[PDB]
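Could you have a look at this structure, given as C-alpha cells, before my questions?
Naming follows writing order (A, B, C, D, E and F), and every chain is counted from residue 1.
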Amino acid sequence: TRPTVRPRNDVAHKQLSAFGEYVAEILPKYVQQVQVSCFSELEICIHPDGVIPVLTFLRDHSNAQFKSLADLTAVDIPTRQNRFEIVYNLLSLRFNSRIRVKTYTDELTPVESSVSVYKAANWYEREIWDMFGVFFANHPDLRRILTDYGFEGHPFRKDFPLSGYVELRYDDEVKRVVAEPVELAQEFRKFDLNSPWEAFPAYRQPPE
Amino acid sequence: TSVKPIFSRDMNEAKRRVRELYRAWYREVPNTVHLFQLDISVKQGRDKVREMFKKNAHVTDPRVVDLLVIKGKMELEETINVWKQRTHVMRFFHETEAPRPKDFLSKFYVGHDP
Amino acid sequence: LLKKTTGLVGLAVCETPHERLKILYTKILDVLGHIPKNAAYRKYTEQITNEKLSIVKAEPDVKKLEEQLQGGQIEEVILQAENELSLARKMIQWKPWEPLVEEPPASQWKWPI
Amino acid sequence: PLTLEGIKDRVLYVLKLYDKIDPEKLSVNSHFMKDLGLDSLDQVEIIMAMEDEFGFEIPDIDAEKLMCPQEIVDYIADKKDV
Amino acid sequence: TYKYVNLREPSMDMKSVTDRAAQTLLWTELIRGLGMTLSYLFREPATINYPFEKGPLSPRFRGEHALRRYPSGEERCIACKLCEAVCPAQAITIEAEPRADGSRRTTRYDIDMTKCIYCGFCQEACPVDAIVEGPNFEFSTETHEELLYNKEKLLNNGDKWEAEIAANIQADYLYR
Amino acid sequence: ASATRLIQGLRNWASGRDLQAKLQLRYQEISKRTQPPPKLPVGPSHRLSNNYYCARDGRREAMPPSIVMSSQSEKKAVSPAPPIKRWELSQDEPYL
C-alpha cells in the first residue's frame, strides 16, 4: 500500500481524539457528538443554543486559541426535520490546528449570530441567509448579498430548481429590462449515473 | 410543540408588525413613484401594495408572518435607498407578460397544461 | 532587554511583564474560585494557570521566560491571559457544566442519509 | 382643532374624502368592520389620513380602538386641549 | 524561514542626512525613473505584425472542433455518446440509428459553440479519435446562429483541416 | 540584439544595468519546435505478478469517522497539538 495509497497519520488522530474528549468534557451542556475522521479532522456537533458559548470558549481558552474563522457554511439536507446544518471552520495559529463546529436549524427557527465573536461571520451568515433563508438573530445588518435585488426564493436549497423561475430580457415596448417565466431552448438533460452496485462496504447502512 | 419565537410571541404583536409595515409602505409609495420616474400613479402603487398584503393574508403561524414582515422590511429598505433600479420596481407590474387564460375551454384550446 | 517593537502592529511593548502576568494570573484564580469544584473547566484552567504562574515566578529573565512559556512574545502571553480572564467571567455567567439541554432527533448526525 | 364642532366637521369631511365608502351611511356612530364593511387596512389608511390632516401622529397602541368617528373625535380631543 | 521587509532604520549621521536632503531638494530618484524609462524607449518593441505574423502555438492547442475519418473515407464516429456524457457544459447533442448497411452511425451530432468551454474532454474521451479540437481559432461569426454546428459543418471542418489535425495528432499521441 | 553599439551604451547607461546579458526578447537559444518522440515510463502497478488490486485499494481502506463522544480522574489538560515553534530569521537575506 506504499505508492498509490495516502499515508495515515496516527499521532494527529490521537491528539485530535484527546482534544475532542477535552472539549466534550468541559462543555457537556451543548456538545452532542464528537468525531474524528479518517484523514484526521475533528468535528464537534453541538446544540444550536450553545453556539455563542462554544465558539467563545474555543476562541478564548488558553488551550484552544482558535482565533481565525476560515469558513461558515450551511448545508441543505431535506430528509432531516432540521434540514439546515450550519458549519463553522476554525483555525488555531498558536497550535497549528483546525476544528469544525456543527449545529442544526430548520426554516423557521433563528440561530444566534456569531458576529460578536468573529467579525467574518457578518458577511458569511449574510450570505447564508441569502442562499438558504436561515434567519440569524441579533445581526447588525442582515440583507441579501449575492442575489438580484428583487429575487424571490433561496437558490441553494435543494427544492429550488437549477434554472430559476424567471429570466431577463430587454423589451423595446417598455424600453426596459423585464423578467418573464423561464423557457429554455434546450432543456437541461438529467443523467442517471448512479451505479446499481455497492462501492464501499464499510459505509453500509443496516437494513430496517 | 413548543417552538422558539423569532420576534412575535403570539398573533397580536405579529399583526401590529404587519400594520406598521403597511403604514411604512403606504407612506413611501408617493416618493417611490416620484423618484423613480414611474409611469404609474400613486393609486396604482398603493393598490399593488394592498394586493400583495391581501395575497399574503391567509397565514396563522406567528413565526411565518414574522419572517414575512422581515422580508417586507428588507424590500422597503431596499427601495428607500436607491439600490433597486426602475426595472426592479416595475417588476411587480407584469406589463409585458401575456394574459394567462383561466377558464377550462381556453386552456383546452391552447395546450395540455391543466 | 527593552525590545523596541514586538513585531505585530497595534501590540504595544510591555515594560513590566512579570508584574502584569502575576496580577492577571492571580485575578484568573480568584475569578475561577466561584465555579463549582466538580466542573472540569475550573480544574483544567486552574491546572494550566498554576503551571503558567509557577513558570513566570521561577524566571527573572524575559527571553528564557518567553522560550519556556511557548507563547511567542510576552505581550501576546499577556493578551491570552486577559482573554482567559474574560472567558472565565463569561463561563461563570453561562454555567455550561449543567447536563445537556436537549437530545437531537434520531437521525440528526447520520451521514450518508 | 380648538372646538369640538370644528373637529367633528374636519373628521367627517376627510372621511367623506375617502373614496371607497359612501357618504350616505356614514354617521357619527358607524362601525368600520361591520357597518360600511371596511377592511383592517382601510381603517389603517383612514388613521394615516387622520395624522396627515391633523398634523399629529397616532401610535399603534391607540389606533386599534377607533371604529366610529365619535371615537376618533374623542381621542383627538383627548390629545389636544379642546 | 522569514525575512523583514522594511525594517531598516535610517542613519542619523551628517553624511546620511545630507544625502537624504540632497535627494529631496534635487529630485534624484525622479531622475532615476525618467532615465530608466528613457532606456526602455530605445529597445526593440515586442510587437508582432498581425495578421502577417502569428503568435506561437503548440500541437496541444484547443480551437475549433472537427469530425475525422479513417484513411478510407469512412467516418470514425460510431455513436458511443461518450463525448456528450463527459461534456461539462452539455454542449453536445447526439442522435443515432443504424444506417443502410447496418453500421452504427450518428444521424445528428450538434455542438453548441456558445455553450462549449473548449476544455478538450470530448477529444480525450473519444475511443476512436473521431472528435478533435483542431488548431483553427479565427472563426468569428457575425451571427449567433452561425455558431450552432451540425454534423455537416463538423464534417466539413474535418475535411478542411485534416492535413493539419493528423500532423498534430501524430506529434502528440505519444504523450497520451 | 540588432541595436548598434552606441545605442547599446546609451541604453545601458540610462538603465544602469547590462541589458545585453539578459534580453527579454527570445532568439535561437530556446528549444526547437520539433522534438524527437518520447517514451514515457510506466507506473509501479505495471507488473505481471504480485499485483492484486485488493492489496493496493486506496478507496476501500477509507473508514467511517470514529465517534469519540456520543449522546446516543486528575488527567492533564490537552492542547490540539504541540505548540508551534518560533520561526528563525533567514540566514540568506535577513534584511537586517
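Points to keep in mind about this one:
The rule is simple: a residue touches a chain if its C-beta (ideal position, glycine included) is under 8 Å from a C-beta of that chain, and two chains touch if they have at least 3 such contacts.
Hopping across touching chains, the smallest step count from chain B to chain D is 1.
In terms of C-beta pairs in contact, A-B outnumbers the other of A-B and C-F.
If you average the CA atoms of chain A and of chain F, the two centres end up 32 Å from each other. Note on chain placement: the centre of chain B and the centre of chain C lie 52 Å apart, centres being C-alpha means.
Mean C-alpha position of chain D lies 79 Å from that of chain F.
Separating the CA-averaged centres of chain E and chain F is a span of 24 Å.
Residues of chain A in contact with two or more other chains: 22, 31-33, 63, 94, 203.
Of all possible chain pairs, those that touch are A-B, A-C, A-E, A-F, B-D, C-F, E-F.
Across the complex, chain F meets chain A through its residues 43-45, 55-71, 77-84.
Taken together, the chain B residues at the contact with chain D in this complex read 16, 19-20, 22-23, 26-27, 50, 53. Those residues of chain A that touch chain E in the shared complex are 186, 188-189, 191. Listing the residues of chain F that touch chain E in their complex gives 2-3, 7, 10-16, 19, 24-25, 33, 37-40, 87-90, 93-96. Within the complex formed with chain F, the chain E residues making contact are 1-5, 7-8, 32, 35-36, 38-40, 42-44, 46, 56, 174-175.
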